[PDB]
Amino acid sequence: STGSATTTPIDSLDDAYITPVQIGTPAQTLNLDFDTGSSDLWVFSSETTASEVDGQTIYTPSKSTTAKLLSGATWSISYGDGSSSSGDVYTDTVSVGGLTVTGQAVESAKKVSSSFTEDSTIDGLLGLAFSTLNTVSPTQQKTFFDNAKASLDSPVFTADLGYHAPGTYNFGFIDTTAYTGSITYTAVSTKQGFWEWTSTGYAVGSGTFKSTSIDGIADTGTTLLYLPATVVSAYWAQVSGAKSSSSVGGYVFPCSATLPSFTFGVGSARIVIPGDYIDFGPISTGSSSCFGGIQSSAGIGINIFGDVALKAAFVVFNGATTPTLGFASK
């Protein structure tokens, strides 16, 4: 089997991407944030505290003929941005892009933090990191990908995120029309439960490539590119008037600037992030200070290849017995 679903930016900045997901019978379609940095599929629901719901579409298990309470199971998750959610668990039929899993754990939120409530466009998350990170207790649950894997034509999914445009998540196949040149594969460590890999270095603009190992994660659920302070300082030093602002919470730059590209290494291959991808616009409405898309990972404890980096590539998440990542230009 295969599945193919379009993923759409939630706003004009590509802050996140939403993908429609069918849950239950008859189908209830929710728009979920596919997150390769977490392992819970959780939804706004008929159980969510009413004051914490503001415009989201909810899953109502009582209206699904295939929903069953997973008795005694609870979940609670905290993300890198400080957001959180928790609740109880149902099993139900879940379909993505025509690919169906029966018996998927659908984590029903009873509580969500303010950042979720305030984002009316995101009806929940679909985690695509390794199932070792799933938070359901006392019986850990599998991701949608892990439950689909054995049925797929190939044990893979691909992320093809757009810049200010829709893109695609495919399950079970490589679309050889979706990228240019060849795919370069690189080793993955699953020790922390993430798609963790080592970049071979970077370049700023037209500068020379610096060969240096940068361990990080491929995380579709993180907006920005978070790299070591040395690398980030080297990038922003090429932008006149850029500075790190403790008041704003990272590097800002004059909105009048033209940003340089950023290149990262994948083995001997190179992925180029255009300068435009690194502009996250005014820090507040009407400001002439703009927020940077490359930020320091110091204090986060891991480097994160978030959407800024991933949307410059066609990315293969290879869930074979030995997992690997692949990157191609596009």
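A residue's number is simply how far along the shown sequence it sits, counting from 1.
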| query | finding |
| --- | --- |
| Higher-B stretch (mean Cα B-factor, as the entry records it), 246 to 254 or 178 to 186 | 246 to 254 |
| Of 205 to 213 and 90 to 98, the one with larger mean CA B-factor | 205 to 213 |
| Which of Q295, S268, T36, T29 ranks first by CA B-factor in the deposited coordinates | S268 |
| Among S151, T168, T220, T198 - the residue whose C-alpha B-factor is largest in the record | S151 |
| Third of chain Cα B-factors occupied by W75 | middle |
| Ranked C-alpha temperature factor of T135 among modelled chain residues, by third | middle |
| Ranked C-alpha temperature factor of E107 among modelled chain residues, by third | lowest |
| Relative C-alpha B-factor of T285, binned into the chain's lowest, middle or highest third | highest |
| Position of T143 among the chain's modelled residues by C-alpha B-factor, lowest, middle or highest third | middle |
